[PDB]
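To start, the structure itself, in structure tokens.
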Amino acid sequence: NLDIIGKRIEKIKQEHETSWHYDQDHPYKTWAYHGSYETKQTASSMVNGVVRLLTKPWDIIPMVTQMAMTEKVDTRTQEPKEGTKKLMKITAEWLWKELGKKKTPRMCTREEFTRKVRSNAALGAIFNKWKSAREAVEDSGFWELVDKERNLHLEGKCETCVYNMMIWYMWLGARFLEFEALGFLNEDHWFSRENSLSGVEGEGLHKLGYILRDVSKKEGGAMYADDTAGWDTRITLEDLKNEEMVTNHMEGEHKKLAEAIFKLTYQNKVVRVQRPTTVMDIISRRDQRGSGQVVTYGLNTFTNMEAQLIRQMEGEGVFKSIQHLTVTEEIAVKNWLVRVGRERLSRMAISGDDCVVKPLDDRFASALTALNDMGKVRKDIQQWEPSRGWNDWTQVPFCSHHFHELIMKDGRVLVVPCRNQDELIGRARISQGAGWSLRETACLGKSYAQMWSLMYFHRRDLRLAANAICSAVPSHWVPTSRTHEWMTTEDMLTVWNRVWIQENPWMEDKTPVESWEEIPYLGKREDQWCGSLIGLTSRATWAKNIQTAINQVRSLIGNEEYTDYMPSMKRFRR
Ligand SMILES: Cc1cn[nH]c1-c1ccncc1
Ligand SMILES: Cc1cn[nH]c1-c1ccncc1
Ligand SMILES: Cc1cn[nH]c1-c1ccncc1
Ligand SMILES: [Cl-]
Ligand SMILES: [Zn+2]
Ligand SMILES: [Zn+2]
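Take the position in the sequence shown, starting the count at 1, then add 294; the result is the number in this note's numbering.
Put into structure tokens, the structure is as follows:
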């Protein structure tokens, strides 16, 4: 409690001494409350006009148009039983060693951090003293503040590492110290599939289907894809202590700096929350996930890999009960990990809180005691109801997608990502933040269009809309995003060949594709099942009259150099 968090709390009181009070009508039951102080302030989703003018048939589809319009944090998780705590400690110890065999923990640098801010990563900072991250990083006074907190952390204390709720934004300084100590997990790809066997970090949406098809090839039971209800709110203090064991692999300054991030900011937290009754509440708690989103991704992947290996151990009968491991169950658990752990990791695809598991057999479906007792309660099923698995890898949900096997005219086999097309069009019609020029709006539309050409070329409506947007935006204008092989001014046919043929390890024949007409679509009925408007009168008029829509947008942007991409399609090619 207050010996670790007091200084942060003490400091905040004194900046708002004219406003402090122990408000007696505070809604917090599971968060420890400290005080309140006067403030006044809050950005909604804005429509991208370039994408909307080129997707007119979707203007009357509520699932698209509603996407642009518009008491889980205040719960507590019970402490796991002694048997569960032992399983988690043994598995976590083993997993950090496997992940560390071919990697070396190391500090990330001011230089590395500076380069990140200078090409727009979502580091979750705040606006004050400087306007933006770019300005703060370029100012020697910032680094002096960073230095003060840094020496405080080496001394085992904290003053300014406080979360702001809304996503848990910190000041750029606290973000740096997090990245210095734990950035290596992402920067050096600890959760790549090569390094972690279950992980998919850095793999790309064009590989995830092939990875699930490789898991499907293993002998075993159904494929399980159980979602957890509010994963970040079910991270226990036992979880945070197993995660901290990465520091056992560190040395020198780095070990001390990383131990301080875990001890002072993760296992103890201070948060400011807006309450319209508009005060700022200063609350603390020990458990749940509140890191930067990139460290959150890696530690979620780690704890998810651990949880799923334990659920596999439960299905395989490695231990009888979570109440208590006997001396010899401990040796059996250790021995399972050493002899088959790596094989059992290869049976999984894990992206943070999202997993797919192909267990040895279907005993897994009813192996629920460790999973429930670890607090990883499944979403949308009763606590003790057996999991429903998937019999076909092409039906399994993963990372908001499903995956199709698509046969090219020349016999070669693509495995492609897919999701309901209303979700894809709805997302592309939305921009975030203020002060967007027409050029910037056009360049964001072009980013969506090029992603569609690379990932969703097999959807008739998206290949046509992608071609239309690329025809409507000046040819040399560079795709942008405010938070990815489609981010380029290279010819997208050249990029398609590099991604799906040349660099694709599942494609043995490397014969390049000469034109977009060689690149196939889903079956027409499959395209409709996944939300295509092909067959509707609105869609036929849009396709036939597309040059008129392209010319509307070209007239708004003005007299620029444009290319016609529509004749890359059979139906427009004379
Ligand atoms: C330090 C620096 C400067 N220009 N590029 C790098 C760099 C890039 C990628 N990995 C490590 C270093
Ligand atoms: C977490 C997230 C969301 N969209 N994409 C990712 C991602 C990208 C690359 N490697 C791992 C994850
Ligand atoms: C799109 C998404 C969501 N969660 N994770 C991913 C992902 C993972 C790995 N590579 C690319 C993307
Ligand atoms: Cl199925
Ligand atoms: Zn601190
Ligand atoms: Zn589909």
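Even for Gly, the Cβ is constructed at its ideal location relative to N, Cα and C.
* **Identity of the residue in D858, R633, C455 nearest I420 by Cα** => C455
State the Cα-Cα distance for the pair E332 and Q308, rounded to the nearest angstrom. 13 Å
Notebook entry, point to check: Does the Cβ-Cβ distance between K818 and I828 come in under 8 Å?
Noted result: yes
- Cβ contact check for the region 431-451 and the region 480-492: 3 or more pairs under 8 Å: no
Taking any heavy atom of ligand 5 as the mark, which residues have a C-beta closer than 7 Å to it, listed down the chain? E443, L446, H447, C452, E453, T454, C455, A468, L471, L558, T559
Which residue wins for smallest C-alpha separation from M544, given the options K323, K397, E497, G503?
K397
Notebook entry, point to check: Does the distance from the CB of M599 to the CB of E387 come in under 8 Å?
Noted result: no
When the Cα atoms are used, what is the spatial distance from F407 to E304? 30 Å
- Following the continuous alpha helix (DSSP H) through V709, name the residue where it begins and the one where it ends. It is not in any alpha helix (DSSP H) - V709 instead sits in the beta strand (DSSP E) that spans 707-712.
Own chain partners of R605 with C-beta closer than 7 Å, once the 5 adjacent residues on each side are dropped:
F658, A661, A664, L665
Which of the three DSSP states is assigned to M860 in this structure? helix
Checklist entry - Quick one: does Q846 have its CB under 8 Å from some CB of chain D? => result The displayed structure is made up of one protein chain only, and chain D is not part of it.
Practice problem: Could you check the C-alpha separation between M781 and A416 for me, to the nearest Å? | Solution: 17 Å
* To do: Rounded to whole angstroms, what's the CA-CA distance from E553 to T541? Just pull it up for me.
  => 6 Å
| message | Suppose contacts are defined by Cβ-Cβ distances below 8 Å. Is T597 in contact with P374 by that definition? | response | no
>> On the DSSP bridge list, what partners appear for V573?
In response: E332, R569
Query raised in the report: Which residues mark the beginning and the end of the beta strand (DSSP E) in which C649 is found?
Result: 648-651
Output yes or no for whether 8 Å exceeds the beta carbon distance between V564 and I576.
yes
Beta-carbon proximity list for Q846, same chain, < 7 Å, skipping 5 on both sides: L347
Practice prompt. Give a yes or no on whether the C-beta atoms belonging to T527 and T369 are separated by under 8 Å.
Written response: yes
**Q.** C693 beta carbon near ligand 6 (any heavy atom closer than 7 Å)
**A.** no
Bridge partners for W684 per DSSP, in chain order? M517
Exercise. Alpha carbon to alpha carbon, how far is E429 from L381? Give it in angstroms, no decimals.
Key: 47 Å
Between the region 705-714 and the region 737-746, do at least 3 Cβ pairs fall closer than 8 Å? no
Tell me which residue opens and which closes the beta strand (DSSP E) that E699 is part of.
696-701
Hey, would you say the C-beta of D686 is under 7 Å away from at least one heavy atom of ligand 7? With respect to ligand 7, the structure offers nothing, as its ligand set consists of ligand 1, ligand 2, ligand 3, ligand 4, ligand 5 and ligand 6.
*Can you tell me which of the three DSSP states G609 falls into?*
helix
Could you give the residue range of the alpha helix (DSSP H) that holds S849? 840-851
Check: Quick one, are the C-beta atoms of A760 and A843 less than 8 Å apart?
Finding: no
- Task: Kindly confirm or deny that the region 672-691 and the region 768-780 touch, where touching means at least three C-beta pairs closer than 8 Å.
- Result: no
Note to self: Assuming contact is defined by CB atoms lying nearer than 8 Å, are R753 and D647 in contact in what I supplied?
What the structure shows: no
Query raised in the report: Which residue's Cα is closest to the Cα of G683: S510, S490, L466?
Result: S510
Worksheet item: Touch check for the region 579-597 and the region 631-650: three-plus C-beta pairs under 8 Å?
Response: yes
* So does the region 498-517 actually touch the region 614-623, counting three or more Cβ pairs closer than 8 Å? -> no
Which runs of the beta strand (DSSP E), 3 residues or longer, sit entirely within the region 466-502?
none
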